[PDB]
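Undergrad: First the structure, which I've put down as structure tokens, then a few questions once you've had a look.
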Amino acid sequence: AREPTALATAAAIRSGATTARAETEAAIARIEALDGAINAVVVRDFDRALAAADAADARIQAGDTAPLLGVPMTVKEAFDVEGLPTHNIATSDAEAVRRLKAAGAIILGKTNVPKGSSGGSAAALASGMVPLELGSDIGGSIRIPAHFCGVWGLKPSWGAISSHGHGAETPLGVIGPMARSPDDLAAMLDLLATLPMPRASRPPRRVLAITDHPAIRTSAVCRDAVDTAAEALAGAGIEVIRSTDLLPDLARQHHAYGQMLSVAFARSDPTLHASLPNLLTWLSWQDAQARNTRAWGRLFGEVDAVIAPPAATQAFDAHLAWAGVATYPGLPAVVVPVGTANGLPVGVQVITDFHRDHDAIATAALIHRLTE
Amino acid sequence: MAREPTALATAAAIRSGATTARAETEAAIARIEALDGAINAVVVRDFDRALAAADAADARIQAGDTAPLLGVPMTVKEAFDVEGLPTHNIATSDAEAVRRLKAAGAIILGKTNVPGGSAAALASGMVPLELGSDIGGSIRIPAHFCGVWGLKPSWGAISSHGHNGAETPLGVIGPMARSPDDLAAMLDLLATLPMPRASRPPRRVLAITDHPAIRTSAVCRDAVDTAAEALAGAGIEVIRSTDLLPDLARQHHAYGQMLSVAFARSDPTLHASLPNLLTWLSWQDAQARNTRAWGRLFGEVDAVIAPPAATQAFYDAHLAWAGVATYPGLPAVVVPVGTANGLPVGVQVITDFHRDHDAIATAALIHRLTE
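Same order as they appear, the protein sequences are chains A and B. According to the entry's author numbering, the stretch in the first sequence is residues 2 to 88, 97 to 124, 151 to 201, 208 to 357, 379 to 434, in order. According to the entry's author numbering, the stretch in the second sequence is residues 1 to 88, 97 to 123, 154 to 201, 207 to 357, 378 to 434, in order.
This is the structure we're talking about:
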């Protein structure tokens, strides 16, 4: 019995089948079993978590309908949690953490940063330690650990979710959920989003499948996974196309991702301050980025999603190539497991139009049902 | 954790028709393919022949076979030869301990690391049964670290042919699993000759926490003291000292010297620090005298509980706790007794030569009384 999802854990508690306190203790036991083996949870907060569970149950006794109430979960080390270090002890929750606690979740600890498989959120999830986790993703840190480990991840539309606590919003970067079921991604998006994202739905009718990218070779296995998902959609009465004149040049887009990424990964490297553009150049880049986003809007007038590889390889600045297709335009992107090959999980990334996040989740759910 | 079923319970399930060997192996495979992109233990897969083994195993079930681990999926260290798989060198016949596991009905899916591991494969729940080796802790110390059980048998109890010609002094091969019952069934399948059954609960136990050669983490000591309390509270005399305890400092030295020989036989550079033959024989005679000193201690106490290592999880003095048993050839079981600081914490139980089952038994007692 693969472990219950976050909403099913929520349902279980609400329905009296279990208590928040039995759920957190069980999580802790699961962490204490594997942790000498995966070593994911680098920061523990079990004692306050156990009291959180007790607060959470009292709320259940007096009719609180918070949707994730009593569900144990974890977060990247890069998010501030009041009381825990962020290595530097933090005196208030990050915004996405304040929302998860408000919604009733219980933060057991924080996981690594993915210093290729992870030992992080993704590990914590595939291992079944907790059903819910929260990462970040500027160059794949959500979508590519999830590929590697066989879990789901949402990289939202840019600016959908405050990353205060993780301060202007940082261009390209986002924060997003990771979990083992599409339903959880949706519930979590719906908790985290600054404003309500479109339902926007209906099933897709035409999908675009890419397998190659001018900037890296892409492992046969990574291509195969797309081609599998393409066949499953084709065979369910959905038009699948391999190419369109509306697809923005991906080679140029990569370059632009490069340039922009530098700025960020260089603001904090004093020596390389003198390779920064002037201000007018910089603003030329944002105007360029917006032009790209509107080109992707033109593509999404023809197709309802785009399915691609999340990365070049399986597990074990051109491994960034497949992350940038969406991170640069700010498009929403979901990674969904579609099989195993050579002993190792194999996923696909689904991409939809700006602010069509739920549809991404929905279309990834469709792909997963039709292949598993 | 819907903790995973034991090997004997998987065996019962199949025997009773509640499941098939083939559903059990498929499930294992799925569980490996889930975690493997995360823990990365199973470096050698043989899934397609495993799936046919499962079908051979079911046919035997349809003709009334009561072989004790029939259809149970398991894994083995990479260092054991399995016919068809490499051992890095493709191997043309099973190691002896593998021939026995197949005869007894088990299905070898693949092979794990040398330090994840067997221990990871187990703690992760991928398979209920695994087979390691241990000259300086490779069984008992991964098991400590991960919260699984491990048996380092009495030396010579089990052929390690296939793991170089003669059995290697000090080294053993042993099983790893998640329950004492499994260890016993496996010992009893693997042992060249039948080992004495466990014929009574312990009445006096010796609890050691410190060792002249290393500092031992408070946590590692605490776990012993926990195990001591559980036994004390069940009417069992627990003592912290006896004059019959063989000098552990000298024993360490002897372990040092002997270990070198082995871990140096095939390392040209160290060849000139090898003893002469008469020296070597002085050492074996010394080792046999130690084994009989441990026998004198085991006339007074029925077991010895110690730390399996100095620390929890995540340099030849981390071997100090392994040597207490490996040197005299004593049997040794490591059993999980709780957690501290987010990580599993175990204890090693040691009994007299060929009192392996008692070791398992006394470790079962300690585990029941603390969980």
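Ideal Cβ positions, reconstructed from N, Cα and C, are used throughout, including at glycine.
#1: Is the closest heavy atom of the ligand ATP to the C-beta of residue 98 of chain B under 7 Å?
#2: Taking the C-alpha atoms as reference points, what is the distance between residue 301 of chain A and residue 326 of chain A?
#3: Looking at residue 44 of chain B: is its Cβ nearer than 8 Å to the Cβ of residue 118 of chain B?
#4: Can you list, in chain order, the residues of the segment 156-174 of chain B whose Cβ is nearer than 8 Å to any Cβ on chain A?
#5: Measuring only the C-alpha atoms, how far is residue 429 of chain A from residue 354 of chain B?
#6: Below 8 Å between beta carbons: does that hold for residue 266 of chain B and residue 394 of chain B?
#7: Which residues in the same chain as residue 253 of chain B place their Cβ atom closer than 8 Å to its Cβ, once the five residues preceding and following it in sequence are excluded?
#8: Return the bridge partner residues of residue 172 of chain A from the DSSP annotation.
#9: According to DSSP, is residue 122 of chain B helix, strand or coil?
#10: In terms of residues, what are the limits of the alpha helix (DSSP H) holding residue 423 of chain A?
#11: I'd like the list of long-range same chain contacts for residue 389 of chain B, defined as Cβ closer than 6 Å, with 5 residues on each side in sequence excluded.
#12: Tell me whether the beta-carbon of residue 402 of chain B lies closer than 8 Å to the beta-carbon of residue 408 of chain B.
#13: Excluding sequence positions up to five away, which residues of its chain have a Cβ less than 8 Å from the Cβ of residue 42 of chain A?
#14: Do residue 81 of chain A and residue 103 of chain A have their CB atoms nearer than 8 Å?
#15: Report the rounded CA-to-CA distance for residue 425 of chain B versus residue 185 of chain A, giving the unit in angstroms.
#16: Mind checking if residue 2 of chain B is an interface residue toward chain A, Cβ cutoff 8 Å exclusive?
#17: Any chance you could list the alpha helix (DSSP H) runs of at least 4 consecutive residues sitting entirely within the segment 285-346 of chain A, in chain order?
#18: Does DSSP put residue 355 of chain A in a helix, a strand or coil?
#19: Which of the three DSSP states is assigned to residue 165 of chain B in this structure?
#20: CB residue 261 of chain A to CB residue 281 of chain A, shorter than 8 Å?
#21: Between which residues of its own chain and residue 232 of chain B is the CB-CB distance below 6 Å, once the five residues before and five after are set aside?
#22: Note down the Cα distance separating residue 192 of chain A from residue 422 of chain A, rounded to an integer number of angstroms.
#23: Just to make sure I have the definition right: I need the residues of chain A whose C-beta is within less than 8 Å of the C-beta of residue 355 of chain B. Which are they?
#24: From the DSSP output, which residues share a beta bridge with residue 190 of chain A?
#25: Measuring only the C-alpha atoms, how far is residue 276 of chain A from residue 427 of chain A?
#26: Please classify residue 180 of chain B: is it buried, with 16 or more other beta-carbons within 10 angstroms of its beta-carbon, or exposed?
#27: Are residue 177 of chain A and residue 200 of chain A touching if we call contact CB-CB under 8 Å?
#28: So for residue 407 of chain A, helix, strand or coil by DSSP?
#29: Around the C-beta of residue 86 of chain B, are 16 or more other C-beta atoms found within 10 angstroms, so that it is buried, or is it exposed?
#30: Could you tell me whether any Cβ in chain A is nearer than 8 Å to the Cβ of residue 40 of chain B?
#31: Given that residue 406 of chain A touches chain B, what residues does it touch there, using C-beta distances under 7 Å?
#32: Have a look at residue 49 of chain B and residue 274 of chain B and give me their C-alpha separation to the nearest angstrom.
#33: Give me the Cα-Cα distance between residue 58 of chain B and residue 13 of chain B, rounded to the nearest whole angstrom.
#34: What residues in its chain sit with their C-beta under 6 Å from that of residue 175 of chain A, if we drop five residues either side in the sequence?
#35: Closer than 8 Å by beta-carbon distance: list the chain A residues that pair up with residue 154 of chain B, in chain order.
#36: Give me, in chain order, the residues of the same chain whose beta-carbon lies closer than 6 Å to that of residue 356 of chain B; leave out the 5 immediate sequence neighbours on both sides.
TA: Judging by the given coordinates:
#1: Looking at this structure, you won't find the ligand ATP or any other ligand, since it has none at all.
#2: Translated into positions along the first sequence, residue 301 of chain A becomes position 260. Translated into positions along the first sequence, residue 326 of chain A becomes position 285. Cα-Cα distance, rounded: 8 Å.
#3: Along the second sequence, read from residue 1 onward, the residue named residue 44 of chain B stands at position 44. Along the second sequence, read from residue 1 onward, the residue named residue 118 of chain B stands at position 110. Cβ distance < 8 Å, so residue 44 of chain B and residue 118 of chain B count as in contact.
#4: The residues in question are 157, 158, 161 and 162.
#5: Reading the first sequence from its first residue, position 367 is the one you call residue 429 of chain A. Reading the second sequence from its first residue, position 311 is the one you call residue 354 of chain B. In a straight line, the C-alpha of residue 429 of chain A is about 47 Å away from that of residue 354 of chain B.
#6: Here the question's residue 266 of chain B lines up with position 223 in the second sequence. Here the question's residue 394 of chain B lines up with position 331 in the second sequence. At a Cβ-Cβ threshold of 8 Å, residue 266 of chain B and residue 394 of chain B do not count as neighbours.
#7: Taking the second sequence and counting its residues from 1, one reaches residue 253 of chain B at position 210. Correct list, in chain order: 259 and 264.
#8: As a working mapping, residue 172 of chain A is identified with position 137 in the first sequence. In the DSSP secondary-structure assignment, residue 172 of chain A is bridged to A/215.
#9: Here residue 122 of chain B refers to the residue found at position 114 of the second sequence. Coil, per DSSP.
#10: Looking up residue 423 of chain A in the first sequence gives position 361. 419-431 is the extent of the alpha helix (DSSP H) around residue 423 of chain A.
#11: If you number the second sequence from 1, residue 389 of chain B lands on position 326. So the list reads 213, once near-sequence residues are dropped.
#12: Numbered from its first residue, the second sequence carries residue 402 of chain B at position 339. Numbered from its first residue, the second sequence carries residue 408 of chain B at position 345. For residue 402 of chain B and residue 408 of chain B, yes; Cβs fall inside 8 Å.
#13: Indexing the first sequence from 1 puts residue 42 of chain A at position 41. 32, 36, 75, 117, 118, 119, 120, 159 and 164, listed in sequence order.
#14: Taking the first residue of the first sequence as position 1, residue 81 of chain A is located at position 80. Taking the first residue of the first sequence as position 1, residue 103 of chain A is located at position 94. The answer is yes: Cβ separation under 8 Å.
#15: Position 362 of the second sequence, counting from 1, holds the residue named residue 425 of chain B. Position 150 of the first sequence, counting from 1, holds the residue named residue 185 of chain A. Distance from the CA atom of residue 425 of chain B to the CA atom of residue 185 of chain A, rounded to whole angstroms, is 41 Å.
#16: Counting from one through the second sequence, the residue named residue 2 of chain B turns up at place 2. True, the Cβ-Cβ gap to chain A drops below 8 Å.
#17: Taking only runs of at least 4 residues, the alpha helix (DSSP H) segments lying wholly in the segment 285-346 of chain A are 291-308 and 320-340.
#18: Within the first sequence, numbered from 1, the residue matching residue 355 of chain A stands at position 314. Three-state DSSP puts residue 355 of chain A in coil, outside helix and strand.
#19: Taking the first residue of the second sequence as position 1, residue 165 of chain B is located at position 127. The answer is coil: DSSP assigns residue 165 of chain B none of H, G, I, E or B.
#20: The residue you call residue 261 of chain A lines up with position 220 of the first sequence. The residue you call residue 281 of chain A lines up with position 240 of the first sequence. Not in contact: residue 261 of chain A and residue 281 of chain A (Cβ atoms no closer than 8 Å).
#21: Locating residue 232 of chain B in the second sequence gives position 189, counting from the first residue. Only 108 and 112 meet the Cβ criterion.
#22: Here the question's residue 192 of chain A lines up with position 157 in the first sequence. Here the question's residue 422 of chain A lines up with position 360 in the first sequence. Taking C-alpha positions only, residue 192 of chain A is separated from residue 422 of chain A by approximately 11 Å.
#23: One-based indexing of the second sequence puts residue 355 of chain B at position 312. Within chain A, the residues near residue 355 of chain B are 37.
#24: By 1-based counting over the first sequence, the position of residue 190 of chain A is 155. Beta-bridge annotation (DSSP): residue 190 of chain A is paired with A/395.
#25: The count along the first sequence starts at 1 and reaches residue 276 of chain A at position 235. The count along the first sequence starts at 1 and reaches residue 427 of chain A at position 365. Going from the Cα of residue 276 of chain A to the Cα of residue 427 of chain A covers about 16 Å.
#26: Counting from one through the second sequence, the residue named residue 180 of chain B turns up at place 142. Residue 180 of chain B comes out buried.
#27: For the purposes of this step, residue 177 of chain A is identified with residue 142 of the first sequence, where counting begins at 1. For the purposes of this step, residue 200 of chain A is identified with residue 165 of the first sequence, where counting begins at 1. For the pair residue 177 of chain A and residue 200 of chain A, the CB atoms are not nearer than the 8 Å cut-off.
#28: The residue labelled residue 407 of chain A in the question sits at position 345 within the first sequence. Strand, per DSSP.
#29: If you number the second sequence from 1, residue 86 of chain B lands on position 86. With a threshold of 16 other beta carbon atoms within 10 Å, residue 86 of chain B falls short and is exposed.
#30: For the purposes of this step, residue 40 of chain B is identified with residue 40 of the second sequence, where counting begins at 1. So yes, residue 40 of chain B belongs to the interface.
#31: Position 344 of the first sequence, counted from the first residue, corresponds to residue 406 of chain A. In chain order: 36 and 37.
#32: Working through the second sequence from its first residue, we reach residue 49 of chain B at position 49. Working through the second sequence from its first residue, we reach residue 274 of chain B at position 231. Rounded to the nearest angstrom, the two C-alpha atoms are 46 Å apart.
#33: Here residue 58 of chain B is taken as the residue at index 58 of the second sequence, counted from 1. Here residue 13 of chain B is taken as the residue at index 13 of the second sequence, counted from 1. Straight-line measurement puts the Cα of residue 13 of chain B at about 12 Å from the Cα of residue 58 of chain B.
#34: Within the first sequence, numbered from 1, the residue matching residue 175 of chain A stands at position 140. So the qualifying residues of the chain are 385.
#35: Residue 154 of chain B sits at position 116 when you count from the first residue of the second sequence. The contacting residues are 38.
#36: Counting from 1 along the second sequence, the entry for residue 356 of chain B is found at position 313. Within its own chain, the residues whose Cβ lies closer than 6 Å to the Cβ of residue 356 of chain B, once the five positions on either side in sequence are excluded, are 183 and 406, listed in chain order.
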